[PDB]
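Encoded as structure tokens, the structure appears first; notes follow it.
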Amino acid sequence: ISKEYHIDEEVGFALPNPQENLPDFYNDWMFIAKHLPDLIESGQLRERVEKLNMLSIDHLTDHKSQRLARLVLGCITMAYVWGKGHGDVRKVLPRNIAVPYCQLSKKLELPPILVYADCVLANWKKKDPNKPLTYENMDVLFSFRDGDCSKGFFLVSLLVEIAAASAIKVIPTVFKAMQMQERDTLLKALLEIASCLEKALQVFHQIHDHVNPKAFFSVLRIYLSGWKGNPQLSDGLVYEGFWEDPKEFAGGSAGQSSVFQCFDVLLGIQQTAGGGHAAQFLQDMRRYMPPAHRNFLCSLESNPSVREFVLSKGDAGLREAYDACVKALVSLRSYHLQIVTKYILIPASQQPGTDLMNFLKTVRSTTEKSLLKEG
Amino acid sequence: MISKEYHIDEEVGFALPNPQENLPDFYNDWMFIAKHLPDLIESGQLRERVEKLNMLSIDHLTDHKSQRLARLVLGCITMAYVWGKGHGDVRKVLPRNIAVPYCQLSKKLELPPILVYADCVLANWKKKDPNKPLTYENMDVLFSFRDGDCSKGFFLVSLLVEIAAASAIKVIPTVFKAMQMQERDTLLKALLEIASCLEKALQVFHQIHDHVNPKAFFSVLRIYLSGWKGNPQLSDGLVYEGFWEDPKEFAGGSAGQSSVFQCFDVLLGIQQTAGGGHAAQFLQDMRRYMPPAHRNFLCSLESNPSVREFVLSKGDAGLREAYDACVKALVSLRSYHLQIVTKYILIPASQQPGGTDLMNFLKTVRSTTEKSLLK
Ligand SMILES: CC[C@@H](NC(=O)c1ccc(Cl)cc1)[C@H]1[C@@H]2C[C@@H](Oc3ccnc4ccccc34)C[C@@H]21
Ligand SMILES: CC[C@@H](NC(=O)c1ccc(Cl)cc1)[C@H]1[C@@H]2C[C@@H](Oc3ccnc4ccccc34)C[C@@H]21
């Protein structure tokens, strides 16, 4: 894989060893971002952001410091917009934060809202660098509220991204085997991908130890929410000093994960084909991924179809191995639907989530229908 | 210099070189209807003739050129059938005999089952005399809808603009090689060469006034190019009988489906698809209405390093001037397009007892182009 796609041998689409501290110049951003639970509870978040001077982004020289700054400002933005998460909202992001956040956003080519790539892919650290990438040796950099289970939700997502990284590095082998007409290597490679996505499902299981349904639904979900098709901000958000009209941007989503999409693309499971809402949504989320990763996806599409290759050969072993990859994705979707019932639907029904359920039902359905032989 | 997998011709660029006029005998029934659309629509014979067709297999369309002609054929028939005489009586259902093969062929070519720019411009032409050049006077379209519809003018002037732009497309490898090799003089020359062709392409655009009449365009041709995405006349889309039980929405023909309309923006790092705006949304969506080879090309352009960041980093007035000349030439093309939309859509509409949408789209594209100036 070309290093120009920003994919790591070890952590895959995750930003390897993200930067924790910014330059001292940015101490005022860092303070607020580091103390969102405390500032929100004390009712001083909106006051502190308003007392900020407009800082230059020019001292953010490298990619990682720029990415750290995006996480910092995106979390501050979510805290500023949503407040205590009980309906009192702001519809104007002040210039002192809005301007540099948008400057930095345009430069990195992400929209100025917190995305998956901020709060999962850049939002982590090893505790001891020598010790391996395990939950106990890891931690998130930023959270919204005390008891929000943001560490669990984000790190468990990150660990799935990492798990899937072992499959990602096999992708080159697949197209090379196709180009070379090397059937045995193709078979071996597809089995290895299947094996890696199976492992990734076991990593997904860890969620239950680190996230409870009430804390996620009643708190965390709120702070990840966006302002595209949201009654609370019908027309979107005003980035004072940068854009004159309010702009709409979608909130965080698993559809923003590149591993959530790349294996569908690999296997010719045409998730973005046809006019359907799920397809549209999945394509739209490419623009919420970093450009290099967005580029990885559409360049996978430009390569020849693994599916048509496999369909044409009259080779049961190849078909089995292709199906094993597909089956593994079905399993990941099914497990996700279970997680959506426990963490969204049930909590919702108790008060005096369905779109995500149906979205995932469609994604699972499309995945399952791309099997060559039934699972 | 440009890979053949991207289906770009050196002479005609994104246009299908030397398009096919006649399909196999097996499809004489498709061809009779398509070649006589003016007579069959006016006389109200069109719909019955389509209705009495037998469902032909797409297996006998062997080569890409014949496969593309067949789309041009079925696409026009589909618009005729849907819109009829263009007076408001429409068909919410496309019959299985035509719909099944059109959908099967569409899936095969990775295009949606609706007439697109690549059908009715890039594949809808012939030379009168092969020995004489690619000029309006030596050329003809293959299919029109109605008498007096100016489809010759509208389609061929679009094609000639595509062809004029082809001169610049072949310089794209020079640009990327020059960056990689750190060849400043080559890059300057290359950018100036690109700006020269886009300036030329603007003068080719001026011909539209000689061959196209506002009334005829607005009241006749525009109706046959309309699709069924966000259209009050088919609110749920069209039923493709036999293929889907539910009606699917698809957008009508558009300049945003032209690959040259998009590719130089990408080249020059103008982020027309950035932000969550409507114009950016549309341009991305229209990539899936381009032939997949051309869709891929735009994707590989995106994935290459930024010409804009290169010119900006270098601190070189000459390079900046040569880059700005390319941007200035794109601005002029959008400005000219807007004047045409005023003449051909806005004014006619004012006299009649989504022109504003197309104007706003173009205004957003022009604005974004202007903002990429360096001076
Ligand atoms: C708490 C965990 C949950 N996380 C989120 O939903 C999430 C949502 C918004 C944000 Cl801002 C951050 C995280 C879960 C991760 C891993 C999950 O992986 C996958 C699911 C389904 N299919 C797949 C096919 C291939 C590869 C991975 C897949 C998606 C997502
Ligand atoms: C009647 C002509 C007009 N045609 C159409 O709008 C048209 C619309 C729908 C269909 Cl089904 C067929 C044609 C015009 C062509 C060439 C026009 O080129 C360009 C405009 C603006 N900017 C540009 C920047 C770079 C390169 C080309 C550009 C676009 C479009």
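Simple scheme: letters A, B, ... for chains in structure tokens order, numbers from 1 for residues in each chain, numbers from 1 for ligands in the order shown.
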Legend entry - chain B contacts on chain A, only C-alpha atoms, 8 Å, as a PyMOL selection string: chain A and resi 109-111+247-249+274-275+284+287+292+295-296+298-299+301-302
Put those residues in a file: N, CA and C atoms, as a CSV table (one decimal), in the first residue's frame.
chain,number,residue,atom,x,y,z
A,109,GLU,N,-8.9,19.2,5.0
A,109,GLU,CA,-9.9,18.7,4.0
A,109,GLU,C,-11.1,17.9,4.6
A,110,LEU,N,-11.3,18.1,5.9
A,110,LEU,CA,-12.4,17.5,6.7
A,110,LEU,C,-13.4,18.7,6.9
A,111,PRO,N,-14.7,18.4,7.1
A,111,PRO,CA,-15.6,19.4,7.5
A,111,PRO,C,-15.3,19.9,8.9
A,247,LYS,N,-24.1,26.5,7.9
A,247,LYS,CA,-23.8,25.3,7.1
A,247,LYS,C,-24.3,24.0,7.9
A,248,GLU,N,-24.7,23.0,7.2
A,248,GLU,CA,-25.1,21.7,7.8
A,248,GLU,C,-24.0,20.7,7.6
A,249,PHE,N,-23.7,20.0,8.7
A,249,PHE,CA,-22.8,18.8,8.7
A,249,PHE,C,-23.3,17.7,9.5
A,274,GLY,N,-26.9,2.3,-6.8
A,274,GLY,CA,-28.4,2.6,-6.7
A,274,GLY,C,-28.6,3.9,-5.9
A,275,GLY,N,-29.9,4.3,-6.0
A,275,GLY,CA,-30.3,5.6,-5.4
A,275,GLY,C,-30.6,5.6,-3.9
A,284,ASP,N,-21.7,9.8,1.0
A,284,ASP,CA,-21.6,11.1,1.7
A,284,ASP,C,-20.6,11.1,2.8
A,287,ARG,N,-16.7,11.9,2.4
A,287,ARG,CA,-16.2,13.3,2.5
A,287,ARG,C,-16.0,13.7,4.0
A,292,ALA,N,-6.8,11.2,2.1
A,292,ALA,CA,-6.1,10.0,1.7
A,292,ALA,C,-6.9,8.7,1.9
A,295,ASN,N,-9.5,8.7,-0.8
A,295,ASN,CA,-8.8,8.3,-2.0
A,295,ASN,C,-8.5,6.8,-2.1
A,296,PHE,N,-8.2,6.2,-0.9
A,296,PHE,CA,-8.0,4.8,-0.9
A,296,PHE,C,-9.3,4.0,-1.4
A,298,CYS,N,-11.9,5.0,-3.3
A,298,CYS,CA,-12.3,5.2,-4.7
A,298,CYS,C,-11.3,4.6,-5.7
A,299,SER,N,-10.0,4.5,-5.2
A,299,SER,CA,-9.0,3.8,-6.0
A,299,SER,C,-9.1,2.3,-5.9
A,301,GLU,N,-12.1,0.9,-6.0
A,301,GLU,CA,-13.1,0.8,-7.0
A,301,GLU,C,-12.6,0.8,-8.4
A,302,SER,N,-11.5,1.5,-8.7
A,302,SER,CA,-10.9,1.6,-10.0
A,302,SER,C,-10.1,0.4,-10.4
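Residue neighbourhood of residue 24 in chain A, excluding near-sequence residues (fewer than 6 positions): residues 30, 31, 55, 59, 60 and 65 of chain A, at 12 Å, using only C-alpha atoms.
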Inset, instruction - List all protein, DNA and RNA residues that have an atom no more than 7 Å from any atom of ligand 1, counting only C-alpha atoms and all ligand atoms, and report them as a list in words. - result: residues 115, 116, 119, 120, 153, 154, 156, 157, 160, 161, 164, 197, 204, 207, 224, 252, 253, 254, 257, 259, 260, 261, 263, 329, 332, 333 and 336 of chain A
Legend entry - Nearest residue to ligand 2 from the set B:172, B:340, B:139, B:46 (distances using only C-alpha atoms and all ligand atoms): B:340
Inset, instruction - Name each residue within 9 Å of ligand 2, counting only C-alpha atoms and all ligand atoms, as a ChimeraX atom specification. - result: /B:115-121,153-162,165,198,201-202,205,208,212,222,225-226,252-265,329-338,340-341,362,365-366
Tell me which protein, DNA and RNA residues are within 9 Å of residue 323 in chain A, counting only C-alpha atoms, leaving out same-chain ones fewer than 4 positions away, and put them as a PDB file with N, CA and C atoms, in the first residue's frame.
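After the write, around30.pdb holds the following:
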ATOM      1  N   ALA A 194     -10.572 -12.999   5.728  1.00  0.00           N
ATOM      2  CA  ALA A 194     -11.673 -13.598   6.488  1.00  0.00           C
ATOM      3  C   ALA A 194     -11.283 -13.811   7.962  1.00  0.00           C
ATOM      4  N   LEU A 318     -12.120 -21.092  -4.141  1.00  0.00           N
ATOM      5  CA  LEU A 318     -12.064 -19.626  -4.238  1.00  0.00           C
ATOM      6  C   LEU A 318     -13.376 -18.996  -3.787  1.00  0.00           C
ATOM      7  N   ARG A 319     -14.491 -19.579  -4.241  1.00  0.00           N
ATOM      8  CA  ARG A 319     -15.819 -19.094  -3.876  1.00  0.00           C
ATOM      9  C   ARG A 319     -16.051 -19.194  -2.372  1.00  0.00           C
ATOM     10  N   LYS A 327     -19.257 -13.554   4.710  1.00  0.00           N
ATOM     11  CA  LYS A 327     -19.837 -14.049   5.980  1.00  0.00           C
ATOM     12  C   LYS A 327     -19.326 -13.254   7.178  1.00  0.00           C
ATOM     13  N   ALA A 328     -18.015 -13.023   7.213  1.00  0.00           N
ATOM     14  CA  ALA A 328     -17.380 -12.279   8.297  1.00  0.00           C
ATOM     15  C   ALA A 328     -17.959 -10.864   8.453  1.00  0.00           C
ATOM     16  N   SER A 370     -24.843 -10.538  -1.255  1.00  0.00           N
ATOM     17  CA  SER A 370     -23.612 -10.729  -2.038  1.00  0.00           C
ATOM     18  C   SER A 370     -22.879 -12.061  -1.769  1.00  0.00           C
ATOM     19  N   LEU A 371     -23.454 -12.947  -0.963  1.00  0.00           N
ATOM     20  CA  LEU A 371     -22.936 -14.304  -0.834  1.00  0.00           C
ATOM     21  C   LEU A 371     -23.190 -15.053  -2.133  1.00  0.00           C
ATOM     22  N   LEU A 372     -22.251 -15.925  -2.498  1.00  0.00           N
ATOM     23  CA  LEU A 372     -22.382 -16.796  -3.670  1.00  0.00           C
ATOM     24  C   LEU A 372     -23.099 -18.095  -3.307  1.00  0.00           C
ATOM     25  N   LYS A 373     -22.859 -18.563  -2.081  1.00  0.00           N
ATOM     26  CA  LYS A 373     -23.547 -19.705  -1.469  1.00  0.00           C
ATOM     27  C   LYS A 373     -24.010 -19.258  -0.070  1.00  0.00           C
ATOM     28  N   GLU A 374     -25.182 -19.743   0.354  1.00  0.00           N
ATOM     29  CA  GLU A 374     -25.828 -19.246   1.589  1.00  0.00           C
ATOM     30  C   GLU A 374     -25.027 -19.617   2.848  1.00  0.00           C
ATOM     31  N   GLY A 375     -25.028 -18.711   3.830  1.00  0.00           N
ATOM     32  CA  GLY A 375     -24.340 -18.911   5.114  1.00  0.00           C
ATOM     33  C   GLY A 375     -25.227 -19.596   6.134  1.00  0.00           C
TER      34      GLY A 375
END
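The space between CA of residue 67 in chain A and CA of residue 105 in chain A spans 9.2 Å.
Distance annotation: of B:372, B:167, B:45, B:28, the residue with the minimal separation from residue 73 in chain B is B:28; atom set is only C-alpha atoms.
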Inset, instruction - Just the residues within 12 Å of residue 136 in chain A, please, counting only C-alpha atoms, with nothing from its chain fewer than 3 positions along; format it as a list in words. - result: residues 125, 126, 127, 128, 131, 132, 133, 139, 140, 151, 152, 155, 156, 159, 206 and 210 of chain A
Can I get the selected residues back with C-alpha atoms, as a PDB file, in the first residue's frame?
ATOM      1  CA  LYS A 125      -2.463   7.247  23.406  1.00  0.00           C
ATOM      2  CA  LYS A 126      -0.401   4.298  24.634  1.00  0.00           C
ATOM      3  CA  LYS A 127       0.202   4.493  28.407  1.00  0.00           C
ATOM      4  CA  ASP A 128       3.532   2.641  28.115  1.00  0.00           C
ATOM      5  CA  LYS A 131       3.668  -2.445  25.996  1.00  0.00           C
ATOM      6  CA  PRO A 132       1.279  -3.554  23.198  1.00  0.00           C
ATOM      7  CA  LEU A 133      -1.980  -2.029  21.860  1.00  0.00           C
ATOM      8  CA  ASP A 139      -6.661   5.757  26.895  1.00  0.00           C
ATOM      9  CA  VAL A 140      -8.630   8.461  25.027  1.00  0.00           C
ATOM     10  CA  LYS A 151     -13.189   6.004  26.647  1.00  0.00           C
ATOM     11  CA  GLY A 152     -14.970   2.685  26.071  1.00  0.00           C
ATOM     12  CA  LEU A 155     -11.205   2.852  22.274  1.00  0.00           C
ATOM     13  CA  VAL A 156     -13.344  -0.203  21.422  1.00  0.00           C
ATOM     14  CA  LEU A 159      -9.352  -1.523  18.637  1.00  0.00           C
ATOM     15  CA  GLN A 206     -15.173  -5.856  24.432  1.00  0.00           C
ATOM     16  CA  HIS A 210     -16.568  -0.452  28.852  1.00  0.00           C
TER      17      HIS A 210
END
Legend entry - Every residue of range 84-286 of chain A that DSSP places in alpha helix (DSSP H), as a PyMOL selection string: chain A and resi 95-108+116-119+150-168+171-179+183-204+207-210+213-215+221-224+259-266+277-284
Legend entry - Gap from CA of residue 83 in chain A to CA of residue 225 in chain A - Å, one decimal: 12.1 Å
Inset, instruction - Write out as a ChimeraX atom specification the residues lying within 10 Å of residue 310 in chain A, counting only C-alpha atoms and excluding same-chain residues fewer than 6 positions away. - result: /A:178,183,186-187,267,316-322,372
Which residues come within 10 Å of residue 81 in chain B, counting only C-alpha atoms, excluding same-chain residues fewer than 6 positions away, as a PDB file with N, CA, C and O atoms, in the first residue's frame?
ATOM      1  N   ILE B  41     -43.389  10.443 -31.624  1.00  0.00           N
ATOM      2  CA  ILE B  41     -43.867  11.207 -30.471  1.00  0.00           C
ATOM      3  C   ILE B  41     -45.067  12.047 -30.884  1.00  0.00           C
ATOM      4  O   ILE B  41     -46.147  11.913 -30.296  1.00  0.00           O
ATOM      5  N   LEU B  46     -45.418   6.450 -30.454  1.00  0.00           N
ATOM      6  CA  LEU B  46     -44.250   6.054 -29.651  1.00  0.00           C
ATOM      7  C   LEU B  46     -44.582   5.040 -28.563  1.00  0.00           C
ATOM      8  O   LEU B  46     -44.046   3.930 -28.551  1.00  0.00           O
ATOM      9  N   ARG B  47     -45.489   5.424 -27.674  1.00  0.00           N
ATOM     10  CA  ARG B  47     -45.786   4.635 -26.480  1.00  0.00           C
ATOM     11  C   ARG B  47     -46.323   3.238 -26.808  1.00  0.00           C
ATOM     12  O   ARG B  47     -45.829   2.254 -26.258  1.00  0.00           O
ATOM     13  N   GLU B  48     -47.288   3.156 -27.726  1.00  0.00           N
ATOM     14  CA  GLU B  48     -47.841   1.865 -28.162  1.00  0.00           C
ATOM     15  C   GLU B  48     -46.761   0.968 -28.796  1.00  0.00           C
ATOM     16  O   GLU B  48     -46.729  -0.244 -28.539  1.00  0.00           O
ATOM     17  N   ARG B  49     -45.877   1.563 -29.604  1.00  0.00           N
ATOM     18  CA  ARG B  49     -44.815   0.806 -30.291  1.00  0.00           C
ATOM     19  C   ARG B  49     -43.842   0.184 -29.290  1.00  0.00           C
ATOM     20  O   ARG B  49     -43.452  -0.971 -29.445  1.00  0.00           O
ATOM     21  N   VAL B  50     -43.479   0.952 -28.265  1.00  0.00           N
ATOM     22  CA  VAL B  50     -42.653   0.460 -27.149  1.00  0.00           C
ATOM     23  C   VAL B  50     -43.370  -0.651 -26.377  1.00  0.00           C
ATOM     24  O   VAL B  50     -42.782  -1.695 -26.073  1.00  0.00           O
ATOM     25  N   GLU B  51     -44.639  -0.395 -26.059  1.00  0.00           N
ATOM     26  CA  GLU B  51     -45.494  -1.342 -25.325  1.00  0.00           C
ATOM     27  C   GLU B  51     -45.624  -2.710 -26.000  1.00  0.00           C
ATOM     28  O   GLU B  51     -45.678  -3.725 -25.314  1.00  0.00           O
ATOM     29  N   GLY B  75     -31.934   4.986 -23.925  1.00  0.00           N
ATOM     30  CA  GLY B  75     -32.054   6.219 -23.149  1.00  0.00           C
ATOM     31  C   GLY B  75     -33.000   7.247 -23.747  1.00  0.00           C
ATOM     32  O   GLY B  75     -33.791   7.847 -23.023  1.00  0.00           O
ATOM     33  N   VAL B  90     -47.380  12.078 -18.373  1.00  0.00           N
ATOM     34  CA  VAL B  90     -46.164  11.254 -18.188  1.00  0.00           C
ATOM     35  C   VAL B  90     -46.460   9.811 -17.783  1.00  0.00           C
ATOM     36  O   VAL B  90     -47.558   9.503 -17.332  1.00  0.00           O
ATOM     37  N   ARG B  91     -45.458   8.945 -17.925  1.00  0.00           N
ATOM     38  CA  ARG B  91     -45.560   7.535 -17.538  1.00  0.00           C
ATOM     39  C   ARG B  91     -44.784   7.288 -16.248  1.00  0.00           C
ATOM     40  O   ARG B  91     -43.571   7.397 -16.234  1.00  0.00           O
ATOM     41  N   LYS B  92     -45.493   6.959 -15.169  1.00  0.00           N
ATOM     42  CA  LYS B  92     -44.873   6.582 -13.885  1.00  0.00           C
ATOM     43  C   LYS B  92     -44.304   5.145 -13.874  1.00  0.00           C
ATOM     44  O   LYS B  92     -43.657   4.752 -12.896  1.00  0.00           O
ATOM     45  N   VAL B  93     -44.557   4.376 -14.943  1.00  0.00           N
ATOM     46  CA  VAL B  93     -44.076   2.993 -15.097  1.00  0.00           C
ATOM     47  C   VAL B  93     -43.409   2.780 -16.461  1.00  0.00           C
ATOM     48  O   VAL B  93     -44.009   3.081 -17.492  1.00  0.00           O
ATOM     49  N   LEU B  94     -42.184   2.247 -16.454  1.00  0.00           N
ATOM     50  CA  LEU B  94     -41.500   1.826 -17.680  1.00  0.00           C
ATOM     51  C   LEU B  94     -41.720   0.325 -17.881  1.00  0.00           C
ATOM     52  O   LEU B  94     -41.455  -0.440 -16.960  1.00  0.00           O
ATOM     53  N   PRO B  95     -42.164  -0.105 -19.087  1.00  0.00           N
ATOM     54  CA  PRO B  95     -42.537  -1.513 -19.264  1.00  0.00           C
ATOM     55  C   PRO B  95     -41.346  -2.477 -19.301  1.00  0.00           C
ATOM     56  O   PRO B  95     -40.288  -2.124 -19.809  1.00  0.00           O
ATOM     57  N   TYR B 224     -37.037  16.756 -22.527  1.00  0.00           N
ATOM     58  CA  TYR B 224     -36.557  15.404 -22.811  1.00  0.00           C
ATOM     59  C   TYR B 224     -35.282  15.032 -22.051  1.00  0.00           C
ATOM     60  O   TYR B 224     -35.001  13.859 -21.883  1.00  0.00           O
TER      61      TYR B 224
END
Inset, instruction - Considering only C-alpha atoms, return as a PyMOL selection string whatever protein or nucleic-acid residues lie within 7 Å of residue 348 in chain B, sequence-local ones (same chain, fewer than 2 positions apart) excluded. - result: chain B and resi 214-215+218+344-346+350-352
Convert the current residue selection to file output with N, CA and C atoms, as a PDB file, in the first residue's frame.
ATOM      1  N   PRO B 214     -33.550  29.829 -27.867  1.00  0.00           N
ATOM      2  CA  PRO B 214     -34.084  29.793 -26.485  1.00  0.00           C
ATOM      3  C   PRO B 214     -35.440  29.099 -26.285  1.00  0.00           C
ATOM      4  N   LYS B 215     -36.430  29.475 -27.104  1.00  0.00           N
ATOM      5  CA  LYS B 215     -37.783  28.914 -27.023  1.00  0.00           C
ATOM      6  C   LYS B 215     -37.707  27.396 -27.196  1.00  0.00           C
ATOM      7  N   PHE B 218     -35.854  25.610 -24.225  1.00  0.00           N
ATOM      8  CA  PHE B 218     -36.613  25.625 -22.986  1.00  0.00           C
ATOM      9  C   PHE B 218     -37.863  24.765 -23.087  1.00  0.00           C
ATOM     10  N   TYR B 344     -31.166  31.062 -22.225  1.00  0.00           N
ATOM     11  CA  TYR B 344     -31.848  29.848 -22.668  1.00  0.00           C
ATOM     12  C   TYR B 344     -32.864  29.266 -21.679  1.00  0.00           C
ATOM     13  N   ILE B 345     -32.795  29.668 -20.408  1.00  0.00           N
ATOM     14  CA  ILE B 345     -33.697  29.141 -19.386  1.00  0.00           C
ATOM     15  C   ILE B 345     -34.472  30.253 -18.688  1.00  0.00           C
ATOM     16  N   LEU B 346     -33.775  31.216 -18.080  1.00  0.00           N
ATOM     17  CA  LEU B 346     -34.453  32.226 -17.239  1.00  0.00           C
ATOM     18  C   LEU B 346     -35.436  33.083 -18.008  1.00  0.00           C
ATOM     19  N   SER B 350     -39.632  33.193 -18.030  1.00  0.00           N
ATOM     20  CA  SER B 350     -40.358  34.436 -17.689  1.00  0.00           C
ATOM     21  C   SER B 350     -41.520  34.751 -18.641  1.00  0.00           C
ATOM     22  N   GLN B 351     -41.379  34.329 -19.898  1.00  0.00           N
ATOM     23  CA  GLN B 351     -42.405  34.485 -20.935  1.00  0.00           C
ATOM     24  C   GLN B 351     -43.445  33.341 -20.934  1.00  0.00           C
ATOM     25  N   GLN B 352     -43.081  32.174 -20.387  1.00  0.00           N
ATOM     26  CA  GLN B 352     -43.976  31.002 -20.341  1.00  0.00           C
ATOM     27  C   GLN B 352     -45.148  31.278 -19.383  1.00  0.00           C
TER      28      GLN B 352
END
Legend entry - Which of range 93-246 of chain B DSSP labels strand (DSSP E), written as a list in words: residues 93, 94, 126, 127, 139, 140, 239 and 240 of chain B
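The spacing separating CA of residue 326 in chain A from CA of residue 311 in chain A amounts to 13.8 Å.
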